[PDB]
Each structure stands twice: as structure tokens, then as C-alpha cells.
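First comes one chain, alone, set out as C-alpha cells in the form deposited without this ligand.
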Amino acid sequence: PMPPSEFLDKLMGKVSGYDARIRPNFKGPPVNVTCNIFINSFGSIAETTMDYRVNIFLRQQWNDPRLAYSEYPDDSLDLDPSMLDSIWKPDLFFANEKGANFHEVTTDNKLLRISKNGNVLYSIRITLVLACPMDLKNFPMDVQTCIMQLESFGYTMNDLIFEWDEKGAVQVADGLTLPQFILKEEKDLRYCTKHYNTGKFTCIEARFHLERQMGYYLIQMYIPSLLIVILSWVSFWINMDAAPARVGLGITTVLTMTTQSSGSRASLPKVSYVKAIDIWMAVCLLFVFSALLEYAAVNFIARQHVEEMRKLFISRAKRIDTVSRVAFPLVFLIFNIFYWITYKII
């Protein structure tokens, strides 16, 4: 008979004494607000700024005994967001917001429905730019753990407690992909209960493990680093005497190893510790220059050393030549097997 919006105006109005400024179960046990999120979008994970943009559906559920109706014949009463400032809502916020906003296009993207016993479902759409610190000690082979944490601002622990629901506390959209990362499915859920000089305030947090796409940096960097070192060694398969081709093929490995070192730290923050993209690349710099010294070991013999005199001349340089030819794959592949299985277990 009577429509729900007319029914609900006398359920929360000045009649029946409902005050939206007062929490449920006032002067009693605290309010148990259970939460779960639905990640629509994810990404633009900046590393200069060390933050990431997410677009979620924040669903909040609690019980309000003041809103419990008994005689109206429906099981749920929805409430459009025009009258949304008229009941009590929890003062949730994010402890690492770094700017956020609602979505208000064609309607405020907000949802509210009330069960018969007073169970309240509240769902809004938020875009967050959440801050997470980035550990980059092993940069292309790292697992970034960026978190988000949900706190009360005004109510202390003895008035309002946040929880995650057991039925899927973080849902992720179906085809949610990232251009540079993989979002793992194990999502840690734990408390971050804050203590200030004002009081103690509730917190729950979710932890997202992000693992990179190694395939990009392997193409741009690790393959043009690997081939120049092989270019460095075919350069020694030049003739035995000091040819000017060793001058050009020497700087050929120099002009590439500096160019690959030019755009190497392109989009990276200025961290003090050393990462892993350069301890690969600094080794690729000294294996360039070890071929530049290898021409000097030709010129070490060529200006130092007639049937007797010329025989020691070639015999000493070949004694360096076949040793230097074998030892360059020796010093490389021992390093190259020490490099990857280090990061395979880290």
C-alpha cells in the first residue's frame, strides 16, 4: 500500500527519535562493520612517486536496531542517494589516501539497502591513489607488496570495529590485467590497529602481492647485453697482428654498452641501494673493456719484440691468445649461472 520512501521517512525522521548523528547500540557494545572490496581497475603503478591507482566498490555492512522494521511486507528497502545523509554511516577512511574522489556521473554512484532486522548494506565507488613503498633491491625480479588499509577516523575501538567478511573479503574483476605486473591470488588480511595520543582506532588491511613481467626487460636490455659480449668475443677472432679492425670493434662494444647504460635507469627512482639491473650491466661494461685491454696485450708484444727473434714474438702472444679465448666464456658462464639462480630462490 504505502510506498517504501514514504514508509522510510517516518522510520528515520524526527518522529520515532532517530538521530543520524548517533551510532547504533549507543552506550553499549561497539558497532561491528564488516567490509569487502571489488577491484574494478588497478594499475598505473608509479615508481617515481611510489603509488598506484585503484578503482573499487567499497561494500560496508553493519546492523542498526533503530532501522529494524517489522510490519512492512518487503524484505529489503533500498534508499536512493538523495536521502543518504539522513541515517548513520561509519566514518571510514584510508590511512594512505594520497588523494581520492567519488564518482558522481548521471547519479552519485552509491547504494544503500536495509533488511528487515536492520542489517544495512552500503556500497560506494571510490577511486584511490594509494601510497605503497617500493623495495627495489632486485628490480626486474622483485615481488612488490602494496597494501591498502581501512580505518575509522572519529570513533575509537570501544565504539566501532572494522572486520573483513569471511565470504571473499577481496573480489577482483574478471579480466583485470596489468601491463607490467601479475596480481597474485593470495591476499593477506590482517589488522593494523592504530594508537595515537587521541586514542586507539580500528584498522583492517589487505595486502596485494605484485610480481613483475620480466619479459619486457629481457627483450630491451638482457638480449642486447648478451649479444655485445658475444660480439666482444668474435672480435678476437680477427687476425693475430694488431689490425685497425680491433680499434673499431673495440668501440663498437663501447658505443652499445653505454647506450644500453643510457636508457637503463630511465623511469626509476633515485634509491641509494644498488638494484639488479645494473649489477648485470656493470659486469657487461667490464667485459666490454676487457676486450679493449686485449688489444693492449697485443700491443704489449708488438712494440717489445733474424730467425731467433721473431719466433719468441708469436709464441708469447699465442700463449695469451688461446688462454684469453677460453677464459672469457669461463668468467661469463660462471657469473651467469651465479646471477640467475640467486634470484630464482629470492
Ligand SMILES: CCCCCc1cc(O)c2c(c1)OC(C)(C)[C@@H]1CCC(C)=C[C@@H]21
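From 1 onward, residues are counted along the sequence shown. Between two forms, the rigid core is defined as the largest C-alpha subset superposing within 1.5 Å.
Separately, the form deposited with this ligand bound exists; it is not shown, and the next lines address it.
Open item on the list: Can you confirm whether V172, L176 and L178, the three residues that make up this candidate site, all sit within 4.5 Å of this ligand in the entry with it bound, judged by heavy atoms?
Closed with: No, because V172, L176 and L178 lack any heavy atom that approaches this ligand to within 4.5 Å in the entry with it bound.
TODO: Spell out, yes or no, whether the shortest heavy atom distance between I22 and this ligand in the entry with it bound is within 4.5 Å.
DONE: No, no contact at 4.5 Å.
- [ ] Could you confirm whether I320 comes within 4.5 Å of this ligand in the entry with it bound, counting heavy atoms only?
- [x] Yes, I320 lies within 4.5 Å of this ligand in the entry with it bound.
Open item on the list: Given that this ligand is not shown alongside this chain, does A327 nevertheless sit within 4.5 Å of it in the entry with it bound, heavy atom to heavy atom?
Closed with: Yes, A327 lies within 4.5 Å of this ligand in the entry with it bound.
Task: Interface membership of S290, this ligand in the entry with it bound, 4.5 Å heavy atom rule - done: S290: contacts this ligand in the entry with it bound.
- [ ] With this ligand left out here, work out from 66-74, 290-298, 307-315, 47-55 which stretch has heavy atoms within 4.5 Å of it in the entry with it bound.
- [x] Every other range fails; the passing one is 290-298.
Task: Moved residue between this form and the one not shown - picked from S152, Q144, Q149, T253, where its Cα shifts 2 angstroms or more relative to the rigid core - done: Spelled out, the residue whose C-alpha shifts by 2 Å or more is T253.
- [ ] Return yes or no for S232: a CA shift of at least 2 Å between this form and the one not shown, with the rigid core superposed?
- [x] Comparing forms between this form and the one not shown, the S232 CA shifts at least 2 Å.
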